[PDB]
Amino acid sequence: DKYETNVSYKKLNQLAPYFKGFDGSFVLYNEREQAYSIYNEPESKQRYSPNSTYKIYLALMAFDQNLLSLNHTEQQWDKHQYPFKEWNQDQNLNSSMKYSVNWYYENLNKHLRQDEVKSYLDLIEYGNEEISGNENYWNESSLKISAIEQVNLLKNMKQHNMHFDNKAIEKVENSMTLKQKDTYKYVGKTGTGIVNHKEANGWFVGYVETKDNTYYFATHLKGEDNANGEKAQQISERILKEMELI
Ligand SMILES: *C(=O)[C@@H](NC(=O)c1c(-c2ccccc2)noc1C)[C@@H]1N[C@@H](C(=O)O)C(C)(C)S1
């Protein structure tokens, strides 16, 4: 599925070497100039399972539904042993996001009404809005979003155009804050998805907020293997340093 937009963008073709091994895309939005820059425009419109980057909105939804309160984000670990040790304990919003603990977000979804969620995705324009596929519709399932839409949503959230509480947004933003300096705030969320037993869907979405601007971005990777959140973030970090933002 494909996101249709005839928005203008600066071409970022010389980012191609960063995507060696991948069908990848990089979208930047410059809040002040109100301007997109894109490596690989066709790939920037292709919709893919957002995977773990969906946790961001799943969190905003749980807040809005008073499923999460500002001083109540803690969830009990039910004692199931996972392949990654960070998951094998109680979590709060911050840790759940830092370690990408799926069960935290699967509990959030389990307690939201599918129809409230459908309504949210309609409001926020979350890609194809297909949550019909399975229970974990955001994991290599029916729900798909493009790198450019990932940027539009972050921008819309941060410019308070989503009907979510400002403190809800602040909490969610804090949970994905990777670096906090005098001169910038650096926020992001990774995503990995497996198809055909290979890491084939890599996301890193976020933004850098400086003292006079905010540069929202999304990097997406598609490839035979090693297309993962970590690689996507590594690629994004290189690109962002080279534009001199991080
Ligand atoms: C979100 O994307 C989560 N991903 C998965 O559950 C997942 C994986 C997977 C691949 C490799 C290792 C662990 C899980 N394959 O398909 C899916 C749907 C979690 N977030 C990821 C991230 O990149 O931030 C992980 C790798 C931490 S798991």
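This chain uses plain numbering: 1 for the first residue, then up along the sequence.
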Enquirer: Go through the structure and list residues passing side chain to side chain contact (heavy atoms under 4.5 Å, CB included) with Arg32, not counting sequence neighbours.
Expert: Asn30, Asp212, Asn213, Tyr215
Enquirer: Answer yes or no on whether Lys155 is positioned over the face of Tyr216, meaning its NZ or CZ is under 6.0 Å from the six-membered ring centre and within 45° of the axis.
Expert: no
Enquirer: Sort out for me which residue in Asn201, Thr192, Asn134 forms a side chain to side chain contact (heavy atoms under 4.5 Å, CB included) with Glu140.
Expert: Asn201
Enquirer: Is it true that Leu12 and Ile148 fall in one hydrophobic cluster, defined by side-chain heavy atoms closer than 4.5 Å?
Expert: no
Enquirer: Under a 4.5 Å side-chain heavy-atom rule over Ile, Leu, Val, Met, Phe, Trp and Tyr, are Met162 and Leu121 clustered together?
Expert: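 Linked, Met162 and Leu121 end up in one cluster.
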Enquirer: How long is the straight-line distance from CG of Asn40 back to OG1 of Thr219, given to the nearest 0.5 Å?
Expert: 11.5 Å
Enquirer: Given side chains that start at C-beta, do those of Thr5 and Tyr36 come closer than 4.5 Å, heavy atoms only?
Expert: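 Heavy-atom side-chain distance check fails, nothing below 4.5 Å.
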Enquirer: Using ring centroids (six-membered ring only for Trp), state whether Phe217 and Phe204 fall under 6.0 Å.
Expert: yes
Enquirer: Applying side chain to side chain donor-acceptor pair (under 3.5 Å), name anything that partners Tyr105, two or more places apart in sequence or on another chain.
Expert: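 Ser96.
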Enquirer: Run the side chain to side chain contact (heavy atoms under 4.5 Å, CB included) check on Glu173 and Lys158 step by step: do they pass?
Expert: CA-CA 9 Å; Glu173 164 178 67; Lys158 184 76 181 153; 2.7 Å; yes
Enquirer: Applying side chain to side chain contact (heavy atoms under 4.5 Å, CB included), run through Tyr137 and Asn109 and close with a yes or a no.
Expert: CA-CA 10 Å; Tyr137 53 81; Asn109 185 69; 2.8 Å; yes
Enquirer: Are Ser52 and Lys189 close enough, and set up right, to give a side chain to side chain contact (heavy atoms under 4.5 Å, CB included), and what steps lead you there?
Expert: CA-CA 8 Å; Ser52 277; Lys189 187 71 196 77; 3.9 Å; yes
Enquirer: Between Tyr39 and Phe19, does the ring centre distance come in under 6.0 Å?
Expert: yes
Enquirer: Have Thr214 and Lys185 got a donor and an acceptor in their side chains that come within less than 3.5 Å?
Expert: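 There is no such pair (donor and acceptor under 3.5 Å, judged by atom type) between the side chains of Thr214 and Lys185.
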Enquirer: Using the side chain to side chain contact (heavy atoms under 4.5 Å, CB included) rule, pick out the option among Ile38, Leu221, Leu240 that qualifies with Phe26.
Expert: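 The option that passes is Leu240.
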Enquirer: Please check if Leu178 and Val208 belong to a single hydrophobic cluster, counting links between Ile, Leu, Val, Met, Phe, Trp and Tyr side chain heavy atoms closer than 4.5 Å.
Expert: yes
Enquirer: Keeping the roles fixed (side chain from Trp87, backbone from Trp103), state whether a donor-acceptor pair exists under 3.5 Å.
Expert: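 Pair absent, no side-chain N/O of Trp87 close to backbone of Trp103.
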Enquirer: Could you tell me which residues satisfy side chain to side chain contact (heavy atoms under 4.5 Å, CB included) with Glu125, sequence neighbours excluded, listed by chain and number?
Expert: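 In terms of side chain to side chain contact (heavy atoms under 4.5 Å, CB included), with neighbours along the sequence ignored, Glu125 is linked to no residue.
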Enquirer: Any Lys/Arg nitrogen of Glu237 or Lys241 sitting under 4.0 Å from an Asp/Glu carboxylate oxygen of the other?
Expert: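 No, no charged N to carboxylate O under 4.0 Å.
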Enquirer: For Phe164 and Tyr120: C-alpha separation, side-chain torsions, deciding distance, then whether ring pair (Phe, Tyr, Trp, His ring centres under 6.0 Å) applies.
Expert: CA-CA 10 Å; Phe164 291 126; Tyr120 283 112; 5.7 Å; yes
